[PDB]
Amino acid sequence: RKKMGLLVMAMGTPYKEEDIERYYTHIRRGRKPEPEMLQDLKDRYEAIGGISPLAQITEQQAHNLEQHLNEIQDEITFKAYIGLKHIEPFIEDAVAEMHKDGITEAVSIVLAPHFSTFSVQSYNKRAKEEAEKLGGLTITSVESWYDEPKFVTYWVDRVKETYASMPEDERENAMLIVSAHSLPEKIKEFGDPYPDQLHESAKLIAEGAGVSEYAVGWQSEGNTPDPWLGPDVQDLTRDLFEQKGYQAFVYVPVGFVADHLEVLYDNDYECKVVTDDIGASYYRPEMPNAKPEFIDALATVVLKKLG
């Protein structure tokens, strides 16, 4: 069998509470959070059940993906390497390790289904540049995978189950909100398809699930002076309630693949505060994490990229 590296890339998460400072410093481009922000972040992580389980999900995704790829075809043996943006093991570290280990051919995938210039393209460029610097190692990079039918089906089936679970008055008066991580609006300068891809995800999932009433929102914007993609899910939820009185909101954060702070806090707390305030029911179906159905979707994405 031919040996190939499987470079799995993601933002990263802290491994313990004491990593919060450096992780958020990295996110904030060298700006250390002030003490009240540091305490606030610690509190948020405690509220969602702790930090330890978060980074384990990414590891489990990469490992299960490796094992599943190796089991479903007989031509290639994959070895997974994790490369993260904001904490060790960094993308450049992972590529250098691949080269050290004698890998000469790799395929990469970012654990975010929509292409953007800000994240996916930047991860892919960084990986390819380090390979070029070392020589003798090439990388083929998945750019997007939101339209993989098996992935669409994951979310459609979760959404169906959620609607099926609702009392009758909710089921005929619910709103589905599909979201991803906000990015600066200025990505539009380069024709970034990120927003169009989120809207297509939303269309595909709503259509597959038989949901006629849905909306697209953004969440978890950072803090810079230039505008970020909106509307934010908190504002969208309240606006849609005021205009049409929905009694239940279903949140599908399709941009995210795991139980991390952006979902467990930015949906399950921040959006839940809003639905609680307006008297609506809150639902947010299970994230993919490292579940077999999702791992099969990822495996299919990778093998399609290789033909």
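The first residue of the shown sequence is 1; numbering continues from there.
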Avg C-alpha B-factor, entry values, 168-176 vs 82-90, higher side is 168-176
When mean C-alpha B-factors in the record are compared for 46-54 and 263-271, the larger belongs to 46-54
Residue set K186, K150, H114, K203, per-entry CA B-factor max assigned to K186
Top Cα B-factor in this entry, restricted to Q219, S119, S144, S141, sits on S119
Of the three thirds of Cα B-factor ranks in this chain, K133 occupies the highest
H99: CA B-factor among chain residues, third -> highest
Temperature factor at the Cα of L38, chain-ranked in thirds, falls in the middle
Of the three thirds of the chain ranked by Cα temperature factor, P227 occupies the highest
Here the Cα B-factor of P253, set against its chain, lands in the third termed lowest
